[PDB]
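What follows is entry_34.pdb (PDB, C-alpha atoms).
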ATOM      1  CA  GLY Z   1       0.000   0.000   0.000  1.00  0.00           C
ATOM      2  CA  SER Z   2       0.878   3.694  -0.076  1.00  0.00           C
ATOM      3  CA  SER Z   3       4.185   3.737   1.804  1.00  0.00           C
ATOM      4  CA  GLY Z   4       7.164   6.026   1.291  1.00  0.00           C
ATOM      5  CA  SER Z   5       8.054   9.709   1.530  1.00  0.00           C
ATOM      6  CA  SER Z   6      11.366   8.752   3.136  1.00  0.00           C
ATOM      7  CA  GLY Z   7      13.691  10.626   0.802  1.00  0.00           C
ATOM      8  CA  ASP Z   8      16.778   8.727  -0.331  1.00  0.00           C
ATOM      9  CA  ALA Z   9      18.874   8.574  -3.500  1.00  0.00           C
ATOM     10  CA  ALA Z  10      20.725   5.252  -3.541  1.00  0.00           C
ATOM     11  CA  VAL Z  11      21.371   4.411  -7.194  1.00  0.00           C
ATOM     12  CA  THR Z  12      24.437   3.380  -9.194  1.00  0.00           C
ATOM     13  CA  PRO Z  13      25.903   5.502 -12.021  1.00  0.00           C
ATOM     14  CA  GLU Z  14      25.735   2.504 -14.355  1.00  0.00           C
ATOM     15  CA  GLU Z  15      21.986   2.138 -13.826  1.00  0.00           C
ATOM     16  CA  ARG Z  16      21.317   5.825 -14.476  1.00  0.00           C
ATOM     17  CA  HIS Z  17      21.798   5.074 -18.176  1.00  0.00           C
ATOM     18  CA  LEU Z  18      20.575   1.480 -18.405  1.00  0.00           C
ATOM     19  CA  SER Z  19      17.345   2.897 -16.981  1.00  0.00           C
ATOM     20  CA  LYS Z  20      16.458   5.031 -20.001  1.00  0.00           C
ATOM     21  CA  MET Z  21      17.373   2.011 -22.125  1.00  0.00           C
ATOM     22  CA  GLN Z  22      14.851  -0.228 -20.366  1.00  0.00           C
ATOM     23  CA  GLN Z  23      12.237   2.531 -20.534  1.00  0.00           C
ATOM     24  CA  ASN Z  24      12.297   3.368 -24.244  1.00  0.00           C
ATOM     25  CA  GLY Z  25      15.381   1.738 -25.730  1.00  0.00           C
ATOM     26  CA  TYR Z  26      17.472   2.535 -28.797  1.00  0.00           C
ATOM     27  CA  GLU Z  27      16.030   2.718 -32.312  1.00  0.00           C
ATOM     28  CA  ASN Z  28      18.451   3.077 -35.224  1.00  0.00           C
ATOM     29  CA  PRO Z  29      17.594   6.203 -37.257  1.00  0.00           C
ATOM     30  CA  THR Z  30      19.373   5.015 -40.401  1.00  0.00           C
ATOM     31  CA  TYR Z  31      17.069   1.992 -40.488  1.00  0.00           C
ATOM     32  CA  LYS Z  32      14.230   4.440 -41.129  1.00  0.00           C
ATOM     33  CA  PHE Z  33      16.275   7.113 -42.903  1.00  0.00           C
ATOM     34  CA  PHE Z  34      17.361   4.481 -45.426  1.00  0.00           C
ATOM     35  CA  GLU Z  35      14.912   5.970 -47.928  1.00  0.00           C
ATOM     36  CA  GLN Z  36      17.393   8.021 -49.954  1.00  0.00           C
ATOM     37  CA  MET Z  37      19.459   5.458 -51.860  1.00  0.00           C
ATOM     38  CA  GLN Z  38      20.384   4.327 -55.372  1.00  0.00           C
ATOM     39  CA  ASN Z  39      19.577   0.648 -55.906  1.00  0.00           C
ATOM     40  CA  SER Z  40      20.155  -1.266 -59.142  1.00  0.00           C
ATOM     41  CA  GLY Z  41      18.297  -4.109 -60.830  1.00  0.00           C
ATOM     42  CA  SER Z  42      20.358  -5.966 -63.422  1.00  0.00           C
ATOM     43  CA  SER Z  43      20.620  -9.622 -64.441  1.00  0.00           C
ATOM     44  CA  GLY Z  44      22.165 -11.509 -61.538  1.00  0.00           C
ATOM     45  CA  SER Z  45      20.154 -14.535 -60.435  1.00  0.00           C
ATOM     46  CA  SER Z  46      21.705 -15.306 -57.048  1.00  0.00           C
ATOM     47  CA  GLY Z  47      20.846 -15.792 -53.387  1.00  0.00           C
ATOM     48  CA  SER Z  48      23.174 -13.200 -51.878  1.00  0.00           C
ATOM     49  CA  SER Z  49      23.875  -9.461 -51.836  1.00  0.00           C
ATOM     50  CA  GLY Z  50      27.043  -9.959 -53.858  1.00  0.00           C
ATOM     51  CA  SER Z  51      30.375 -10.588 -52.148  1.00  0.00           C
ATOM     52  CA  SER Z  52      32.114  -9.074 -49.123  1.00  0.00           C
ATOM     53  CA  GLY Z  53      35.623 -10.505 -49.239  1.00  0.00           C
ATOM     54  CA  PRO Z  54      38.324 -10.108 -46.566  1.00  0.00           C
ATOM     55  CA  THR Z  55      37.822  -8.001 -43.441  1.00  0.00           C
ATOM     56  CA  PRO Z  56      38.989  -4.357 -43.514  1.00  0.00           C
ATOM     57  CA  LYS Z  57      41.682  -2.839 -41.298  1.00  0.00           C
ATOM     58  CA  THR Z  58      41.164  -1.031 -37.993  1.00  0.00           C
ATOM     59  CA  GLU Z  59      43.139   0.609 -35.187  1.00  0.00           C
ATOM     60  CA  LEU Z  60      40.533   0.943 -32.434  1.00  0.00           C
ATOM     61  CA  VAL Z  61      38.456  -1.954 -31.107  1.00  0.00           C
ATOM     62  CA  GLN Z  62      36.727  -3.065 -27.907  1.00  0.00           C
ATOM     63  CA  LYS Z  63      36.310  -6.660 -26.736  1.00  0.00           C
ATOM     64  CA  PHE Z  64      33.686  -7.632 -24.160  1.00  0.00           C
ATOM     65  CA  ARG Z  65      33.334 -11.087 -22.608  1.00  0.00           C
ATOM     66  CA  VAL Z  66      29.675 -12.075 -22.935  1.00  0.00           C
ATOM     67  CA  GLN Z  67      27.577 -15.223 -23.322  1.00  0.00           C
ATOM     68  CA  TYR Z  68      25.372 -16.348 -26.210  1.00  0.00           C
ATOM     69  CA  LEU Z  69      21.683 -17.134 -25.715  1.00  0.00           C
ATOM     70  CA  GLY Z  70      20.615 -17.735 -29.304  1.00  0.00           C
ATOM     71  CA  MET Z  71      18.523 -16.249 -32.101  1.00  0.00           C
ATOM     72  CA  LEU Z  72      14.810 -15.517 -31.703  1.00  0.00           C
ATOM     73  CA  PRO Z  73      12.279 -14.569 -34.413  1.00  0.00           C
ATOM     74  CA  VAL Z  74      10.223 -11.424 -33.819  1.00  0.00           C
ATOM     75  CA  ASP Z  75       7.219  -9.700 -35.388  1.00  0.00           C
ATOM     76  CA  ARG Z  76       8.542  -6.135 -35.322  1.00  0.00           C
ATOM     77  CA  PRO Z  77      11.992  -4.564 -35.851  1.00  0.00           C
ATOM     78  CA  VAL Z  78      11.462  -2.276 -32.859  1.00  0.00           C
ATOM     79  CA  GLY Z  79       9.500  -2.221 -29.616  1.00  0.00           C
ATOM     80  CA  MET Z  80      10.816  -2.929 -26.126  1.00  0.00           C
ATOM     81  CA  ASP Z  81       7.943  -5.327 -25.445  1.00  0.00           C
ATOM     82  CA  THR Z  82       9.115  -7.279 -28.493  1.00  0.00           C
ATOM     83  CA  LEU Z  83      12.727  -7.470 -27.317  1.00  0.00           C
ATOM     84  CA  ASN Z  84      11.798  -8.550 -23.790  1.00  0.00           C
ATOM     85  CA  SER Z  85      10.027 -11.427 -25.538  1.00  0.00           C
ATOM     86  CA  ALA Z  86      13.226 -12.792 -27.077  1.00  0.00           C
ATOM     87  CA  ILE Z  87      15.136 -12.637 -23.792  1.00  0.00           C
ATOM     88  CA  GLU Z  88      12.440 -14.548 -21.910  1.00  0.00           C
ATOM     89  CA  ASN Z  89      12.155 -16.916 -24.873  1.00  0.00           C
ATOM     90  CA  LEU Z  90      15.785 -18.057 -24.864  1.00  0.00           C
ATOM     91  CA  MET Z  91      16.276 -17.651 -21.113  1.00  0.00           C
ATOM     92  CA  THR Z  92      13.643 -20.364 -20.705  1.00  0.00           C
ATOM     93  CA  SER Z  93      15.109 -22.509 -23.482  1.00  0.00           C
ATOM     94  CA  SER Z  94      18.645 -22.467 -22.079  1.00  0.00           C
ATOM     95  CA  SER Z  95      19.939 -21.894 -18.549  1.00  0.00           C
ATOM     96  CA  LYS Z  96      22.313 -19.148 -17.411  1.00  0.00           C
ATOM     97  CA  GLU Z  97      25.227 -21.593 -17.472  1.00  0.00           C
ATOM     98  CA  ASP Z  98      24.021 -23.414 -20.587  1.00  0.00           C
ATOM     99  CA  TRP Z  99      24.915 -20.232 -22.469  1.00  0.00           C
ATOM    100  CA  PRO Z 100      28.405 -20.566 -24.003  1.00  0.00           C
ATOM    101  CA  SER Z 101      31.120 -17.910 -23.798  1.00  0.00           C
ATOM    102  CA  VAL Z 102      31.847 -15.524 -26.669  1.00  0.00           C
ATOM    103  CA  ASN Z 103      33.861 -12.357 -27.286  1.00  0.00           C
ATOM    104  CA  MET Z 104      32.035  -9.337 -28.704  1.00  0.00           C
ATOM    105  CA  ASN Z 105      33.968  -6.981 -30.982  1.00  0.00           C
ATOM    106  CA  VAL Z 106      32.988  -3.327 -31.372  1.00  0.00           C
ATOM    107  CA  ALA Z 107      35.469  -2.248 -34.045  1.00  0.00           C
ATOM    108  CA  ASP Z 108      34.580   0.132 -36.876  1.00  0.00           C
ATOM    109  CA  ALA Z 109      31.100   0.549 -35.399  1.00  0.00           C
ATOM    110  CA  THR Z 110      30.650  -3.105 -36.354  1.00  0.00           C
ATOM    111  CA  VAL Z 111      29.433  -6.003 -34.212  1.00  0.00           C
ATOM    112  CA  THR Z 112      31.175  -9.360 -34.605  1.00  0.00           C
ATOM    113  CA  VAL Z 113      30.387 -12.174 -32.170  1.00  0.00           C
ATOM    114  CA  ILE Z 114      33.782 -13.859 -31.871  1.00  0.00           C
ATOM    115  CA  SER Z 115      34.132 -17.344 -30.389  1.00  0.00           C
ATOM    116  CA  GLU Z 116      35.755 -17.555 -26.955  1.00  0.00           C
ATOM    117  CA  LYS Z 117      37.433 -20.850 -27.847  1.00  0.00           C
ATOM    118  CA  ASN Z 118      38.795 -19.389 -31.084  1.00  0.00           C
ATOM    119  CA  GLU Z 119      39.490 -15.716 -31.791  1.00  0.00           C
ATOM    120  CA  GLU Z 120      39.542 -16.255 -35.557  1.00  0.00           C
ATOM    121  CA  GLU Z 121      36.004 -17.640 -35.375  1.00  0.00           C
ATOM    122  CA  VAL Z 122      33.327 -15.073 -36.222  1.00  0.00           C
ATOM    123  CA  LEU Z 123      30.157 -16.637 -34.818  1.00  0.00           C
ATOM    124  CA  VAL Z 124      27.968 -13.773 -36.033  1.00  0.00           C
ATOM    125  CA  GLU Z 125      28.662 -10.694 -38.154  1.00  0.00           C
ATOM    126  CA  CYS Z 126      26.280  -7.750 -37.786  1.00  0.00           C
ATOM    127  CA  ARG Z 127      26.569  -4.107 -38.838  1.00  0.00           C
ATOM    128  CA  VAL Z 128      25.034  -1.045 -37.180  1.00  0.00           C
ATOM    129  CA  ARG Z 129      23.482  -0.422 -40.595  1.00  0.00           C
ATOM    130  CA  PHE Z 130      21.322  -3.551 -40.467  1.00  0.00           C
ATOM    131  CA  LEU Z 131      20.649  -3.070 -36.752  1.00  0.00           C
ATOM    132  CA  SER Z 132      17.037  -1.959 -36.318  1.00  0.00           C
ATOM    133  CA  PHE Z 133      16.408  -1.905 -32.567  1.00  0.00           C
ATOM    134  CA  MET Z 134      18.487  -2.552 -29.448  1.00  0.00           C
ATOM    135  CA  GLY Z 135      17.846  -2.218 -25.725  1.00  0.00           C
ATOM    136  CA  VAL Z 136      17.928  -3.834 -22.291  1.00  0.00           C
ATOM    137  CA  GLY Z 137      15.216  -6.141 -20.990  1.00  0.00           C
ATOM    138  CA  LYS Z 138      13.924  -6.457 -17.434  1.00  0.00           C
ATOM    139  CA  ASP Z 139      17.382  -7.492 -16.237  1.00  0.00           C
ATOM    140  CA  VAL Z 140      20.517  -5.373 -16.628  1.00  0.00           C
ATOM    141  CA  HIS Z 141      22.417  -8.472 -17.749  1.00  0.00           C
ATOM    142  CA  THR Z 142      20.126  -9.027 -20.734  1.00  0.00           C
ATOM    143  CA  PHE Z 143      20.985  -7.265 -23.993  1.00  0.00           C
ATOM    144  CA  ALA Z 144      19.500  -8.086 -27.397  1.00  0.00           C
ATOM    145  CA  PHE Z 145      19.672  -6.527 -30.862  1.00  0.00           C
ATOM    146  CA  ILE Z 146      17.394  -7.051 -33.861  1.00  0.00           C
ATOM    147  CA  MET Z 147      18.857  -7.026 -37.372  1.00  0.00           C
ATOM    148  CA  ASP Z 148      17.503  -7.259 -40.919  1.00  0.00           C
ATOM    149  CA  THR Z 149      18.531 -10.308 -42.946  1.00  0.00           C
ATOM    150  CA  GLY Z 150      16.225  -9.326 -45.790  1.00  0.00           C
ATOM    151  CA  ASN Z 151      12.799 -10.400 -47.025  1.00  0.00           C
ATOM    152  CA  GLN Z 152      11.183  -8.566 -44.111  1.00  0.00           C
ATOM    153  CA  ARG Z 153      12.992 -10.936 -41.751  1.00  0.00           C
ATOM    154  CA  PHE Z 154      14.311  -9.906 -38.335  1.00  0.00           C
ATOM    155  CA  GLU Z 155      16.541 -11.980 -36.056  1.00  0.00           C
ATOM    156  CA  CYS Z 156      16.655 -11.093 -32.359  1.00  0.00           C
ATOM    157  CA  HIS Z 157      19.933 -12.207 -30.782  1.00  0.00           C
ATOM    158  CA  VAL Z 158      20.294 -12.149 -26.995  1.00  0.00           C
ATOM    159  CA  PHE Z 159      23.573 -11.905 -25.084  1.00  0.00           C
ATOM    160  CA  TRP Z 160      24.417 -11.947 -21.376  1.00  0.00           C
ATOM    161  CA  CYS Z 161      26.840  -9.242 -20.243  1.00  0.00           C
ATOM    162  CA  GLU Z 162      28.610  -8.836 -16.902  1.00  0.00           C
ATOM    163  CA  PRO Z 163      28.719  -7.414 -14.482  1.00  0.00           C
ATOM    164  CA  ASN Z 164      26.013  -5.763 -16.583  1.00  0.00           C
ATOM    165  CA  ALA Z 165      24.983  -4.645 -20.070  1.00  0.00           C
ATOM    166  CA  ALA Z 166      25.956  -1.036 -19.373  1.00  0.00           C
ATOM    167  CA  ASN Z 167      29.323  -1.115 -21.141  1.00  0.00           C
ATOM    168  CA  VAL Z 168      28.519  -3.306 -24.144  1.00  0.00           C
ATOM    169  CA  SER Z 169      25.291  -1.485 -24.993  1.00  0.00           C
ATOM    170  CA  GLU Z 170      26.879   1.917 -24.383  1.00  0.00           C
ATOM    171  CA  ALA Z 171      29.724   1.047 -26.751  1.00  0.00           C
ATOM    172  CA  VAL Z 172      27.081   0.042 -29.296  1.00  0.00           C
ATOM    173  CA  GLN Z 173      25.376   3.419 -28.898  1.00  0.00           C
ATOM    174  CA  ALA Z 174      28.035   5.372 -30.789  1.00  0.00           C
ATOM    175  CA  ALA Z 175      28.391   2.405 -33.141  1.00  0.00           C
ATOM    176  CA  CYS Z 176      25.184   3.538 -34.843  1.00  0.00           C
TER
END

Final structure tokens representation of the file:
Amino acid sequence: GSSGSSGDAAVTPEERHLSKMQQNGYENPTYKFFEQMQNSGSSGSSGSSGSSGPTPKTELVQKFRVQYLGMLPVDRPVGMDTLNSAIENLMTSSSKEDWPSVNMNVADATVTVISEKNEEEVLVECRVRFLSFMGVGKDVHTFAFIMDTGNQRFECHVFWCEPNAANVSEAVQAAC
């Protein structure tokens, strides 16, 4: 029942931010501002957006030790409620320990889920460009990001960060 009026400010500086993230979240503007472009349509029957080739060079890069929960299909590219769904989805599927270890790379505003067992093992390669929505669920150790694989398809990948998802996410903020 109605109980309070004590007056006390006991909150961590890392939560001050994560808070706004759990409230609204982070929606990539480019994903919606991707209207002005010059696409081409020439003969090229194939099931891929061309070729990428070798990875580019880079001087700066951040590596965060996080766990992998798995991919989860969604209905919308954005919407906190939607994200929270993926987290709870996998969380139930696999346990906290069941989740394997993986190194997250934040170089060139690019996200590359590297394997903990092998550095030269890119588990997942995502770019801030494809990234549609990203935020924190109910828990501060639950961070997921939805990307666009094409054909109106969105894959929600969840990852456990420690001691929280304040750093990782934050680093992904400027990545946009």

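The list of residues with at least one atom within 7 Å of residue 165 (chain Z), based on only C-alpha atoms and without residues fewer than 6 positions apart in the same chain, reads residues 140, 141, 142 and 143 of chain Z.
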
- Give me the result of the PyMOL selection byres ((chain Z and resi 104-121) around 6) on this file, residue by residue, as a list in words.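 When the PyMOL selection byres ((chain Z and resi 104-121) around 6) is applied, the selected residues are residues 61, 62, 63, 64, 101, 102, 103, 122, 123, 124, 125, 126, 127 and 175 of chain Z.
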
- In Å, with one decimal, what is the gap from CA of residue 168 (chain Z) to CA of residue 151 (chain Z)? 28.7 Å

- For residue 85 (chain Z), which residue among Z:131, Z:65, Z:60, Z:138 is the nearest when counting only C-alpha atoms? Z:138

- Nearest to residue 146 (chain Z): which of Z:166, Z:128, Z:174, Z:69 is it, counting all atoms listed in the file?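 Comparing Z:166, Z:128, Z:174, Z:69 against residue 146 (chain Z), the winner is Z:128.
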
- Separation of CA of residue 144 (chain Z) from CA of residue 159 (chain Z), in Å and rounded to one decimal: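 Going from CA of residue 144 (chain Z) over to CA of residue 159 (chain Z), I get 6.0 Å.
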
With the file shown as input, list the residues that the PyMOL selection byres ((chain Z and resi 83) around 9) selects, as a tab-separated table (two decimals) with C-alpha atoms, in the coordinates of the input.
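Result file is expr37.tsv:
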chain	number	residue	atom	x	y	z
Z	74	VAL	CA	10.22	-11.42	-33.82
Z	78	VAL	CA	11.46	-2.28	-32.86
Z	79	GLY	CA	9.50	-2.22	-29.62
Z	80	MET	CA	10.82	-2.93	-26.13
Z	81	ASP	CA	7.94	-5.33	-25.44
Z	82	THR	CA	9.12	-7.28	-28.49
Z	84	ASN	CA	11.80	-8.55	-23.79
Z	85	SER	CA	10.03	-11.43	-25.54
Z	86	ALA	CA	13.23	-12.79	-27.08
Z	87	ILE	CA	15.14	-12.64	-23.79
Z	88	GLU	CA	12.44	-14.55	-21.91
Z	133	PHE	CA	16.41	-1.90	-32.57
Z	134	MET	CA	18.49	-2.55	-29.45
Z	135	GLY	CA	17.85	-2.22	-25.72
Z	136	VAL	CA	17.93	-3.83	-22.29
Z	137	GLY	CA	15.22	-6.14	-20.99
Z	143	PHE	CA	20.98	-7.26	-23.99
Z	144	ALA	CA	19.50	-8.09	-27.40
Z	145	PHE	CA	19.67	-6.53	-30.86
Z	146	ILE	CA	17.39	-7.05	-33.86
Z	156	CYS	CA	16.66	-11.09	-32.36
Z	158	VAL	CA	20.29	-12.15	-27.00

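You will find CA of residue 19 (chain Z) at 29.2 Å from CA of residue 149 (chain Z).
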
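Across Z:56, Z:25, Z:150, Z:44, the tightest approach to residue 169 (chain Z) is made by Z:25 when counting only C-alpha atoms.
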
Mind completing region 77-99 of chain Z with N, CA and C atoms? Output as a PDB file, in the coordinates of the input, please?
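Written out: selection_1.pdb:
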ATOM      1  N   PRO Z  77      10.579  -4.946 -35.930  1.00  0.00           N
ATOM      2  CA  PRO Z  77      11.992  -4.564 -35.851  1.00  0.00           C
ATOM      3  C   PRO Z  77      12.307  -3.760 -34.594  1.00  0.00           C
ATOM      4  N   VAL Z  78      11.294  -3.082 -34.062  1.00  0.00           N
ATOM      5  CA  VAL Z  78      11.462  -2.276 -32.859  1.00  0.00           C
ATOM      6  C   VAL Z  78      10.338  -2.535 -31.862  1.00  0.00           C
ATOM      7  N   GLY Z  79      10.508  -2.033 -30.643  1.00  0.00           N
ATOM      8  CA  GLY Z  79       9.500  -2.221 -29.616  1.00  0.00           C
ATOM      9  C   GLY Z  79      10.022  -3.001 -28.426  1.00  0.00           C
ATOM     10  N   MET Z  80      10.306  -2.295 -27.336  1.00  0.00           N
ATOM     11  CA  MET Z  80      10.816  -2.929 -26.126  1.00  0.00           C
ATOM     12  C   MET Z  80      10.081  -4.236 -25.846  1.00  0.00           C
ATOM     13  N   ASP Z  81       8.762  -4.151 -25.714  1.00  0.00           N
ATOM     14  CA  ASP Z  81       7.943  -5.327 -25.445  1.00  0.00           C
ATOM     15  C   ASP Z  81       8.393  -6.508 -26.300  1.00  0.00           C
ATOM     16  N   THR Z  82       8.676  -6.239 -27.571  1.00  0.00           N
ATOM     17  CA  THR Z  82       9.115  -7.279 -28.493  1.00  0.00           C
ATOM     18  C   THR Z  82      10.443  -7.883 -28.051  1.00  0.00           C
ATOM     19  N   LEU Z  83      11.409  -7.021 -27.754  1.00  0.00           N
ATOM     20  CA  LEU Z  83      12.727  -7.470 -27.317  1.00  0.00           C
ATOM     21  C   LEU Z  83      12.618  -8.345 -26.071  1.00  0.00           C
ATOM     22  N   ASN Z  84      11.972  -7.817 -25.038  1.00  0.00           N
ATOM     23  CA  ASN Z  84      11.798  -8.550 -23.790  1.00  0.00           C
ATOM     24  C   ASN Z  84      11.283  -9.961 -24.055  1.00  0.00           C
ATOM     25  N   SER Z  85      10.577 -10.129 -25.169  1.00  0.00           N
ATOM     26  CA  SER Z  85      10.027 -11.427 -25.538  1.00  0.00           C
ATOM     27  C   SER Z  85      11.139 -12.412 -25.882  1.00  0.00           C
ATOM     28  N   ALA Z  86      12.103 -11.953 -26.674  1.00  0.00           N
ATOM     29  CA  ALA Z  86      13.226 -12.792 -27.077  1.00  0.00           C
ATOM     30  C   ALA Z  86      14.023 -13.260 -25.864  1.00  0.00           C
ATOM     31  N   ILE Z  87      14.372 -12.320 -24.992  1.00  0.00           N
ATOM     32  CA  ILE Z  87      15.136 -12.637 -23.792  1.00  0.00           C
ATOM     33  C   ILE Z  87      14.468 -13.751 -22.994  1.00  0.00           C
ATOM     34  N   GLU Z  88      13.193 -13.558 -22.670  1.00  0.00           N
ATOM     35  CA  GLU Z  88      12.440 -14.548 -21.910  1.00  0.00           C
ATOM     36  C   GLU Z  88      12.316 -15.854 -22.690  1.00  0.00           C
ATOM     37  N   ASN Z  89      12.274 -15.745 -24.013  1.00  0.00           N
ATOM     38  CA  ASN Z  89      12.155 -16.916 -24.873  1.00  0.00           C
ATOM     39  C   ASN Z  89      13.366 -17.831 -24.715  1.00  0.00           C
ATOM     40  N   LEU Z  90      14.549 -17.289 -24.977  1.00  0.00           N
ATOM     41  CA  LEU Z  90      15.785 -18.057 -24.864  1.00  0.00           C
ATOM     42  C   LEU Z  90      16.064 -18.427 -23.410  1.00  0.00           C
ATOM     43  N   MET Z  91      16.031 -17.429 -22.534  1.00  0.00           N
ATOM     44  CA  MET Z  91      16.276 -17.651 -21.113  1.00  0.00           C
ATOM     45  C   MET Z  91      15.617 -18.944 -20.644  1.00  0.00           C
ATOM     46  N   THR Z  92      14.382 -19.167 -21.082  1.00  0.00           N
ATOM     47  CA  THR Z  92      13.643 -20.364 -20.705  1.00  0.00           C
ATOM     48  C   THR Z  92      14.181 -21.594 -21.426  1.00  0.00           C
ATOM     49  N   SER Z  93      14.576 -21.413 -22.682  1.00  0.00           N
ATOM     50  CA  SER Z  93      15.109 -22.509 -23.482  1.00  0.00           C
ATOM     51  C   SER Z  93      16.419 -23.024 -22.895  1.00  0.00           C
ATOM     52  N   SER Z  94      17.346 -22.106 -22.638  1.00  0.00           N
ATOM     53  CA  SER Z  94      18.645 -22.467 -22.079  1.00  0.00           C
ATOM     54  C   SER Z  94      18.860 -21.791 -20.728  1.00  0.00           C
ATOM     55  N   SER Z  95      19.653 -22.430 -19.874  1.00  0.00           N
ATOM     56  CA  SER Z  95      19.939 -21.894 -18.549  1.00  0.00           C
ATOM     57  C   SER Z  95      21.031 -20.831 -18.616  1.00  0.00           C
ATOM     58  N   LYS Z  96      21.291 -20.186 -17.484  1.00  0.00           N
ATOM     59  CA  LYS Z  96      22.313 -19.148 -17.411  1.00  0.00           C
ATOM     60  C   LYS Z  96      23.692 -19.720 -17.721  1.00  0.00           C
ATOM     61  N   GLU Z  97      23.945 -20.936 -17.245  1.00  0.00           N
ATOM     62  CA  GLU Z  97      25.227 -21.593 -17.472  1.00  0.00           C
ATOM     63  C   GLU Z  97      25.265 -22.248 -18.850  1.00  0.00           C
ATOM     64  N   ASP Z  98      24.120 -22.761 -19.286  1.00  0.00           N
ATOM     65  CA  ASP Z  98      24.021 -23.414 -20.587  1.00  0.00           C
ATOM     66  C   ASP Z  98      24.559 -22.510 -21.691  1.00  0.00           C
ATOM     67  N   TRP Z  99      24.441 -21.203 -21.489  1.00  0.00           N
ATOM     68  CA  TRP Z  99      24.915 -20.232 -22.469  1.00  0.00           C
ATOM     69  C   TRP Z  99      26.437 -20.244 -22.555  1.00  0.00           C
TER      70      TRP Z  99
END
